[PDB]
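Undergrad: Structure file entry.pdb (PDB, C-alpha atoms) is given on the next line.
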```pdb
ATOM      1  CA  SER A   1     178.966 185.042 281.721  1.00  0.00           C
ATOM      2  CA  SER A   2     180.802 182.103 280.140  1.00  0.00           C
ATOM      3  CA  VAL A   3     182.694 182.274 276.910  1.00  0.00           C
ATOM      4  CA  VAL A   4     180.742 180.511 274.106  1.00  0.00           C
ATOM      5  CA  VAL A   5     182.835 177.780 272.518  1.00  0.00           C
ATOM      6  CA  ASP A   6     182.767 175.939 269.240  1.00  0.00           C
ATOM      7  CA  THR A   7     182.930 172.191 268.597  1.00  0.00           C
ATOM      8  CA  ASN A   8     186.760 172.320 268.819  1.00  0.00           C
ATOM      9  CA  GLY A   9     186.570 173.987 272.289  1.00  0.00           C
ATOM     10  CA  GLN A  10     187.693 177.343 270.917  1.00  0.00           C
ATOM     11  CA  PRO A  11     186.018 180.643 271.770  1.00  0.00           C
ATOM     12  CA  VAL A  12     183.466 181.824 269.237  1.00  0.00           C
ATOM     13  CA  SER A  13     184.688 184.958 267.536  1.00  0.00           C
ATOM     14  CA  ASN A  14     182.907 188.319 267.556  1.00  0.00           C
ATOM     15  CA  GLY A  15     181.950 188.675 263.887  1.00  0.00           C
ATOM     16  CA  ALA A  16     185.267 187.622 262.342  1.00  0.00           C
ATOM     17  CA  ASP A  17     184.495 184.011 261.679  1.00  0.00           C
ATOM     18  CA  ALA A  18     181.343 182.198 260.568  1.00  0.00           C
ATOM     19  CA  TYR A  19     179.864 179.124 262.204  1.00  0.00           C
ATOM     20  CA  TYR A  20     177.321 176.444 261.403  1.00  0.00           C
ATOM     21  CA  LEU A  21     174.536 175.959 263.947  1.00  0.00           C
ATOM     22  CA  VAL A  22     174.228 172.158 263.965  1.00  0.00           C
ATOM     23  CA  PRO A  23     171.117 170.814 265.718  1.00  0.00           C
ATOM     24  CA  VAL A  24     171.732 168.060 268.303  1.00  0.00           C
ATOM     25  CA  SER A  25     168.384 166.381 267.411  1.00  0.00           C
ATOM     26  CA  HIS A  26     166.060 166.878 264.366  1.00  0.00           C
ATOM     27  CA  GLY A  27     168.408 164.574 262.503  1.00  0.00           C
ATOM     28  CA  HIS A  28     170.707 166.124 260.032  1.00  0.00           C
ATOM     29  CA  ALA A  29     169.427 169.518 259.174  1.00  0.00           C
ATOM     30  CA  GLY A  30     170.925 172.884 258.484  1.00  0.00           C
ATOM     31  CA  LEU A  31     169.837 176.490 258.389  1.00  0.00           C
ATOM     32  CA  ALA A  32     168.190 177.768 255.239  1.00  0.00           C
ATOM     33  CA  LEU A  33     165.796 180.449 253.995  1.00  0.00           C
ATOM     34  CA  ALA A  34     162.179 179.646 253.122  1.00  0.00           C
ATOM     35  CA  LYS A  35     158.884 181.335 252.261  1.00  0.00           C
ATOM     36  CA  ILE A  36     156.102 181.380 254.900  1.00  0.00           C
ATOM     37  CA  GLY A  37     153.272 181.777 252.357  1.00  0.00           C
ATOM     38  CA  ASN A  38     153.154 183.800 249.130  1.00  0.00           C
ATOM     39  CA  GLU A  39     155.913 186.335 249.629  1.00  0.00           C
ATOM     40  CA  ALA A  40     158.153 186.766 246.587  1.00  0.00           C
ATOM     41  CA  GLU A  41     161.410 185.917 248.336  1.00  0.00           C
ATOM     42  CA  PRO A  42     162.350 183.382 251.043  1.00  0.00           C
ATOM     43  CA  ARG A  43     163.211 185.354 254.191  1.00  0.00           C
ATOM     44  CA  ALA A  44     162.158 183.003 256.989  1.00  0.00           C
ATOM     45  CA  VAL A  45     164.918 181.078 258.768  1.00  0.00           C
ATOM     46  CA  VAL A  46     164.259 177.343 258.804  1.00  0.00           C
ATOM     47  CA  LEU A  47     166.059 174.131 259.656  1.00  0.00           C
ATOM     48  CA  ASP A  48     165.975 171.970 256.573  1.00  0.00           C
ATOM     49  CA  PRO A  49     167.178 168.363 256.277  1.00  0.00           C
ATOM     50  CA  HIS A  50     168.078 168.990 252.650  1.00  0.00           C
ATOM     51  CA  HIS A  51     170.554 171.788 253.437  1.00  0.00           C
ATOM     52  CA  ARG A  52     173.476 170.410 255.378  1.00  0.00           C
ATOM     53  CA  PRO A  53     175.604 171.936 256.772  1.00  0.00           C
ATOM     54  CA  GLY A  54     173.430 174.969 255.976  1.00  0.00           C
ATOM     55  CA  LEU A  55     174.042 178.685 255.885  1.00  0.00           C
ATOM     56  CA  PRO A  56     176.698 179.704 258.387  1.00  0.00           C
ATOM     57  CA  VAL A  57     176.171 182.619 260.768  1.00  0.00           C
ATOM     58  CA  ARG A  58     178.244 185.343 262.373  1.00  0.00           C
ATOM     59  CA  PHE A  59     177.601 186.477 265.966  1.00  0.00           C
ATOM     60  CA  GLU A  60     178.152 190.194 266.552  1.00  0.00           C
ATOM     61  CA  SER A  61     178.515 192.372 269.655  1.00  0.00           C
ATOM     62  CA  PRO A  62     179.466 196.090 269.559  1.00  0.00           C
ATOM     63  CA  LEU A  63     181.702 195.510 272.594  1.00  0.00           C
ATOM     64  CA  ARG A  64     185.464 195.867 271.958  1.00  0.00           C
ATOM     65  CA  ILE A  65     186.294 192.232 272.480  1.00  0.00           C
ATOM     66  CA  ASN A  66     187.075 189.597 269.908  1.00  0.00           C
ATOM     67  CA  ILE A  67     185.052 186.681 271.432  1.00  0.00           C
ATOM     68  CA  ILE A  68     181.466 186.113 272.500  1.00  0.00           C
ATOM     69  CA  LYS A  69     180.090 185.419 275.981  1.00  0.00           C
ATOM     70  CA  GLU A  70     176.655 184.179 277.027  1.00  0.00           C
ATOM     71  CA  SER A  71     175.931 187.546 278.638  1.00  0.00           C
ATOM     72  CA  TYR A  72     176.268 189.572 275.421  1.00  0.00           C
ATOM     73  CA  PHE A  73     173.353 190.774 273.368  1.00  0.00           C
ATOM     74  CA  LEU A  74     174.044 189.648 269.818  1.00  0.00           C
ATOM     75  CA  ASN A  75     173.111 190.277 266.270  1.00  0.00           C
ATOM     76  CA  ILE A  76     173.155 187.047 264.261  1.00  0.00           C
ATOM     77  CA  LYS A  77     173.537 187.182 260.512  1.00  0.00           C
ATOM     78  CA  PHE A  78     174.048 185.170 257.391  1.00  0.00           C
ATOM     79  CA  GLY A  79     176.632 186.377 254.865  1.00  0.00           C
ATOM     80  CA  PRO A  80     179.770 188.460 255.323  1.00  0.00           C
ATOM     81  CA  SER A  81     180.322 191.024 258.080  1.00  0.00           C
ATOM     82  CA  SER A  82     180.403 193.706 255.317  1.00  0.00           C
ATOM     83  CA  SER A  83     176.825 193.060 254.079  1.00  0.00           C
ATOM     84  CA  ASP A  84     173.739 194.887 255.419  1.00  0.00           C
ATOM     85  CA  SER A  85     171.565 191.874 254.565  1.00  0.00           C
ATOM     86  CA  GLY A  86     171.061 188.554 256.275  1.00  0.00           C
ATOM     87  CA  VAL A  87     170.522 190.025 259.775  1.00  0.00           C
ATOM     88  CA  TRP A  88     168.154 187.994 261.908  1.00  0.00           C
ATOM     89  CA  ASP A  89     165.119 189.653 263.439  1.00  0.00           C
ATOM     90  CA  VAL A  90     161.992 188.476 265.197  1.00  0.00           C
ATOM     91  CA  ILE A  91     158.854 189.391 263.229  1.00  0.00           C
ATOM     92  CA  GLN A  92     155.166 188.841 263.872  1.00  0.00           C
ATOM     93  CA  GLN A  93     153.910 186.428 261.157  1.00  0.00           C
ATOM     94  CA  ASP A  94     150.370 185.057 261.341  1.00  0.00           C
ATOM     95  CA  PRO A  95     151.119 181.311 260.750  1.00  0.00           C
ATOM     96  CA  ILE A  96     154.263 180.998 262.898  1.00  0.00           C
ATOM     97  CA  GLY A  97     153.731 183.542 265.706  1.00  0.00           C
ATOM     98  CA  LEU A  98     157.062 185.309 266.185  1.00  0.00           C
ATOM     99  CA  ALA A  99     159.254 184.107 263.335  1.00  0.00           C
ATOM    100  CA  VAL A 100     163.003 184.512 262.891  1.00  0.00           C
ATOM    101  CA  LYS A 101     163.480 186.283 259.557  1.00  0.00           C
ATOM    102  CA  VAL A 102     166.240 188.022 257.694  1.00  0.00           C
ATOM    103  CA  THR A 103     166.305 191.752 257.185  1.00  0.00           C
ATOM    104  CA  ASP A 104     168.690 194.475 256.127  1.00  0.00           C
ATOM    105  CA  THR A 105     168.791 196.583 259.277  1.00  0.00           C
ATOM    106  CA  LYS A 106     170.571 196.021 262.548  1.00  0.00           C
ATOM    107  CA  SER A 107     170.242 197.667 265.977  1.00  0.00           C
ATOM    108  CA  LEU A 108     173.323 198.571 268.076  1.00  0.00           C
ATOM    109  CA  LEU A 109     172.492 195.678 270.431  1.00  0.00           C
ATOM    110  CA  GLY A 110     170.802 192.740 268.795  1.00  0.00           C
ATOM    111  CA  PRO A 111     167.829 190.742 270.021  1.00  0.00           C
ATOM    112  CA  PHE A 112     169.616 187.499 270.935  1.00  0.00           C
ATOM    113  CA  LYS A 113     171.851 185.744 273.385  1.00  0.00           C
ATOM    114  CA  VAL A 114     173.491 182.324 273.067  1.00  0.00           C
ATOM    115  CA  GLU A 115     172.977 180.328 276.282  1.00  0.00           C
ATOM    116  CA  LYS A 116     174.173 176.878 277.372  1.00  0.00           C
ATOM    117  CA  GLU A 117     171.360 174.273 277.113  1.00  0.00           C
ATOM    118  CA  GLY A 118     171.778 170.528 277.461  1.00  0.00           C
ATOM    119  CA  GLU A 119     174.690 169.280 275.349  1.00  0.00           C
ATOM    120  CA  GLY A 120     175.010 172.517 273.411  1.00  0.00           C
ATOM    121  CA  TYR A 121     173.543 175.992 273.145  1.00  0.00           C
ATOM    122  CA  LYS A 122     170.198 177.640 272.486  1.00  0.00           C
ATOM    123  CA  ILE A 123     169.311 181.011 271.087  1.00  0.00           C
ATOM    124  CA  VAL A 124     167.258 183.226 273.383  1.00  0.00           C
ATOM    125  CA  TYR A 125     165.257 186.263 272.200  1.00  0.00           C
ATOM    126  CA  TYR A 126     164.964 189.357 274.415  1.00  0.00           C
ATOM    127  CA  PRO A 127     161.929 191.650 273.880  1.00  0.00           C
ATOM    128  CA  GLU A 128     163.489 193.897 276.514  1.00  0.00           C
ATOM    129  CA  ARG A 129     167.040 194.002 277.767  1.00  0.00           C
ATOM    130  CA  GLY A 130     166.119 194.153 281.483  1.00  0.00           C
ATOM    131  CA  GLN A 131     163.921 191.068 281.514  1.00  0.00           C
ATOM    132  CA  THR A 132     164.037 187.341 281.010  1.00  0.00           C
ATOM    133  CA  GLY A 133     164.237 186.144 277.425  1.00  0.00           C
ATOM    134  CA  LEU A 134     162.248 183.704 275.339  1.00  0.00           C
ATOM    135  CA  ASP A 135     163.611 180.489 273.860  1.00  0.00           C
ATOM    136  CA  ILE A 136     163.944 180.091 270.077  1.00  0.00           C
ATOM    137  CA  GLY A 137     162.474 176.754 268.980  1.00  0.00           C
ATOM    138  CA  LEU A 138     160.815 175.315 265.883  1.00  0.00           C
ATOM    139  CA  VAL A 139     157.272 175.686 264.482  1.00  0.00           C
ATOM    140  CA  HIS A 140     156.281 172.972 262.052  1.00  0.00           C
ATOM    141  CA  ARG A 141     153.967 174.502 259.374  1.00  0.00           C
ATOM    142  CA  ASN A 142     153.549 173.764 255.636  1.00  0.00           C
ATOM    143  CA  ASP A 143     156.303 171.119 255.385  1.00  0.00           C
ATOM    144  CA  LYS A 144     158.900 173.362 257.011  1.00  0.00           C
ATOM    145  CA  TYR A 145     160.486 173.816 260.480  1.00  0.00           C
ATOM    146  CA  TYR A 146     160.577 177.502 261.081  1.00  0.00           C
ATOM    147  CA  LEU A 147     162.817 179.041 263.752  1.00  0.00           C
ATOM    148  CA  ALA A 148     160.409 180.877 266.046  1.00  0.00           C
ATOM    149  CA  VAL A 149     159.811 181.961 269.604  1.00  0.00           C
ATOM    150  CA  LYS A 150     158.721 178.851 271.522  1.00  0.00           C
ATOM    151  CA  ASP A 151     159.503 179.416 275.160  1.00  0.00           C
ATOM    152  CA  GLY A 152     160.450 176.248 277.023  1.00  0.00           C
ATOM    153  CA  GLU A 153     161.026 174.247 273.809  1.00  0.00           C
ATOM    154  CA  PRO A 154     164.439 175.469 272.650  1.00  0.00           C
ATOM    155  CA  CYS A 155     166.289 174.150 269.656  1.00  0.00           C
ATOM    156  CA  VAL A 156     169.677 173.005 270.915  1.00  0.00           C
ATOM    157  CA  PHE A 157     172.693 173.497 268.630  1.00  0.00           C
ATOM    158  CA  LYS A 158     176.451 172.925 268.612  1.00  0.00           C
ATOM    159  CA  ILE A 159     178.519 175.670 266.990  1.00  0.00           C
ATOM    160  CA  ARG A 160     180.915 174.436 264.266  1.00  0.00           C
ATOM    161  CA  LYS A 161     183.483 176.835 262.861  1.00  0.00           C
ATOM    162  CA  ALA A 162     182.981 177.019 259.091  1.00  0.00           C
ATOM    163  CA  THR A 163     186.830 176.999 258.527  1.00  0.00           C
TER     164      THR A 163
END
```
When written as structure tokens, how does the structure in this file appear?
TA:
Amino acid sequence: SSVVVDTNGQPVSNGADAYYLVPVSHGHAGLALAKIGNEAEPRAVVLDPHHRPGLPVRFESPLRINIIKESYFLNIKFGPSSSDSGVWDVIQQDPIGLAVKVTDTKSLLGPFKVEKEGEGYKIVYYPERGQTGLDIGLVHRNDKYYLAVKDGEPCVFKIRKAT
């Protein structure tokens, strides 16, 4: 139910502003796109030490409210609000399990919530809206840390307005 706040204590906007997800551990790393194997284009979301601050995200709810709360189902996307691309989804991928990947479609209510965890926030994935969700963590495979479902081992982030 709480309002999600950024590193300046301000409410996180619904879509209008972009934010960096800054891990609290895993040293300095930022969000990036990578290949999983031999796909042509990098569409897996990873945390990469070489990309700081990383690709910023927008959090989107179809509710008529200009801020985000922990109770809202969210779409999360890279790029501008206007673009169909960059939308996060959870995809079965043999090496990772359930990987966070970008795609170019978006459901009315997205798969995620942002929930307080430790000193920051985690992303939680909901297979079904009436049931408990599954923590998003990191799967280390082929020299990359892939964002993936890893229940009980969440990646904890602070949310920095991109300005």
Undergrad: Could you please determine the separation between atom CA of residue A:52 and atom CA of residue A:23 in Å, to one decimal place?
TA: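 Spanning atom CA of residue A:52 to atom CA of residue A:23 is a straight-line distance of 10.6 Å.
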Undergrad: For atom CA of residue A:47 and atom CA of residue A:29, quote the distance in Å rounded to one decimal.
TA: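 According to the coordinates, atom CA of residue A:47 and atom CA of residue A:29 are separated by 5.7 Å.
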Undergrad: Set the distance at 7 Å and use all atoms listed in the file: which residues neighbour residue A:104 once local chain neighbours fewer than 5 positions away are removed? I'd like the list as a list in words.
TA: residues 84, 85, 86 and 87 of chain A
Undergrad: Take the selection from the previous step and output its residues with C-alpha atoms, as a JSON list (two decimals), in the coordinates of the input.
TA:
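Here's the written file out-v1.json:
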```
[["chain", "number", "residue", "atom", "x", "y", "z"],
["A", 84, "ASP", "CA", 173.74, 194.89, 255.42],
["A", 85, "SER", "CA", 171.56, 191.87, 254.56],
["A", 86, "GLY", "CA", 171.06, 188.55, 256.27],
["A", 87, "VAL", "CA", 170.52, 190.02, 259.77]]
```
Undergrad: Selection in question (the file shown): the PyMOL selection byres ((chain A and resi 150) around 7). Which residues does it include, as an MDAnalysis selection string?
TA: chainID A and resid 135:138 148:149 151:154
Undergrad: Determine, counting all atoms listed in the file, which protein, DNA and RNA residues have an atom within 8 Å of an atom of stretch 13-21 of chain A; residues of the same chain fewer than 3 positions away are not included. Present the result as number ranges by chain.
TA: A: 30-31, 53-61, 65-68, 81, 157-163
Undergrad: Write out as lines of an AutoDock Vina configuration file an axis-aligned box for stretch 65-68 of chain A: all of its atoms listed in the file, 8 Å added on each side, centre and edge lengths in Å with one decimal.
TA:
```
center_x = 184.3
center_y = 189.2
center_z = 271.2
size_x = 21.6
size_y = 22.1
size_z = 18.6
```
Undergrad: Can you pull out every residue within 12 Å of residue A:110, counting all atoms listed in the file, but drop anything in the same chain fewer than 5 positions away, and send it as a VMD selection string?
TA: chain A and resid 59 to 63 72 to 77 87 to 90 105 124 to 129
Undergrad: Sorted by chain and rising residue number, which residues of stretch 70-150 of chain A lie within 8 Å of stretch 2-7 of chain A, and what are their closest atom pairs and distances in Å to one decimal, counting all atoms listed in the file, as JSON lines?
TA:
```
{"residue": "A:70", "atom": "CA", "partner": "A:2", "partner_atom": "CA", "distance": 5.6}
{"residue": "A:71", "atom": "CA", "partner": "A:2", "partner_atom": "CA", "distance": 7.5}
{"residue": "A:114", "atom": "CA", "partner": "A:4", "partner_atom": "CA", "distance": 7.5}
```
Undergrad: Just the residues within 8 Å of stretch 32-44 of chain A, please, counting only C-alpha atoms, with nothing from its chain fewer than 2 positions along; format it as a PyMOL selection string.
TA: chain A and resi 30+46-48+51+54-55+95+99-103+146-147
Undergrad: Just how far from atom CA of residue A:111 is atom CA of residue A:133, in Å to one decimal?
TA: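 Computed distance, atom CA of residue A:133 to atom CA of residue A:111, equals 9.4 Å.
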Undergrad: Calculated over all atoms listed in the file, which of the candidates A:155, A:8, A:96, A:143 has the smallest distance to residue A:122?
TA: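 Among the listed residues, A:155 lies closest to residue A:122.
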Undergrad: Do you know which residues are at most 6 Å from residue A:121 counting all atoms listed in the file, after dropping those on the same chain fewer than 5 positions away, and could you put them as JSON, numbers by chain?
TA: {"A": [115, 116, 156, 157]}
Undergrad: Can you fill out stretch 77-88 of chain A with N, CA, C and O atoms and hand it back as a PDB file, in the frame of the given file?
TA:
```pdb
ATOM      1  N   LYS A  77     173.778 186.938 261.912  1.00  0.00           N
ATOM      2  CA  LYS A  77     173.537 187.182 260.512  1.00  0.00           C
ATOM      3  C   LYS A  77     174.117 186.109 259.633  1.00  0.00           C
ATOM      4  O   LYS A  77     175.144 185.516 259.944  1.00  0.00           O
ATOM      5  N   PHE A  78     173.450 185.930 258.498  1.00  0.00           N
ATOM      6  CA  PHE A  78     174.048 185.170 257.391  1.00  0.00           C
ATOM      7  C   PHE A  78     174.909 186.136 256.569  1.00  0.00           C
ATOM      8  O   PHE A  78     174.731 187.337 256.623  1.00  0.00           O
ATOM      9  N   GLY A  79     175.820 185.577 255.779  1.00  0.00           N
ATOM     10  CA  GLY A  79     176.632 186.377 254.865  1.00  0.00           C
ATOM     11  C   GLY A  79     177.840 187.001 255.528  1.00  0.00           C
ATOM     12  O   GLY A  79     178.160 186.692 256.666  1.00  0.00           O
ATOM     13  N   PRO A  80     178.549 187.855 254.794  1.00  0.00           N
ATOM     14  CA  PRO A  80     179.770 188.460 255.323  1.00  0.00           C
ATOM     15  C   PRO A  80     179.452 189.544 256.325  1.00  0.00           C
ATOM     16  O   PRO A  80     178.381 190.127 256.249  1.00  0.00           O
ATOM     17  N   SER A  81     180.400 189.843 257.221  1.00  0.00           N
ATOM     18  CA  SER A  81     180.322 191.024 258.080  1.00  0.00           C
ATOM     19  C   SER A  81     180.035 192.324 257.305  1.00  0.00           C
ATOM     20  O   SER A  81     179.344 193.204 257.803  1.00  0.00           O
ATOM     21  N   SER A  82     180.575 192.457 256.086  1.00  0.00           N
ATOM     22  CA  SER A  82     180.403 193.706 255.317  1.00  0.00           C
ATOM     23  C   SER A  82     178.975 193.975 254.808  1.00  0.00           C
ATOM     24  O   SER A  82     178.666 195.110 254.436  1.00  0.00           O
ATOM     25  N   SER A  83     178.117 192.949 254.774  1.00  0.00           N
ATOM     26  CA  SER A  83     176.825 193.060 254.079  1.00  0.00           C
ATOM     27  C   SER A  83     175.736 193.515 255.008  1.00  0.00           C
ATOM     28  O   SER A  83     175.642 192.977 256.090  1.00  0.00           O
ATOM     29  N   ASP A  84     174.868 194.441 254.568  1.00  0.00           N
ATOM     30  CA  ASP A  84     173.739 194.887 255.419  1.00  0.00           C
ATOM     31  C   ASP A  84     172.623 193.810 255.563  1.00  0.00           C
ATOM     32  O   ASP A  84     171.819 193.862 256.497  1.00  0.00           O
ATOM     33  N   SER A  85     172.613 192.830 254.663  1.00  0.00           N
ATOM     34  CA  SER A  85     171.565 191.874 254.565  1.00  0.00           C
ATOM     35  C   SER A  85     171.904 190.621 255.414  1.00  0.00           C
ATOM     36  O   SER A  85     172.994 190.462 255.997  1.00  0.00           O
ATOM     37  N   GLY A  86     170.909 189.801 255.565  1.00  0.00           N
ATOM     38  CA  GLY A  86     171.061 188.554 256.275  1.00  0.00           C
ATOM     39  C   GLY A  86     170.904 188.646 257.773  1.00  0.00           C
ATOM     40  O   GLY A  86     171.137 187.645 258.449  1.00  0.00           O
ATOM     41  N   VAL A  87     170.549 189.821 258.301  1.00  0.00           N
ATOM     42  CA  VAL A  87     170.522 190.025 259.775  1.00  0.00           C
ATOM     43  C   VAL A  87     169.213 189.437 260.325  1.00  0.00           C
ATOM     44  O   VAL A  87     168.126 189.759 259.849  1.00  0.00           O
ATOM     45  N   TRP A  88     169.313 188.606 261.336  1.00  0.00           N
ATOM     46  CA  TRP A  88     168.154 187.994 261.908  1.00  0.00           C
ATOM     47  C   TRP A  88     167.357 189.018 262.731  1.00  0.00           C
ATOM     48  O   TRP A  88     167.925 189.814 263.484  1.00  0.00           O
TER      49      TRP A  88
END
```
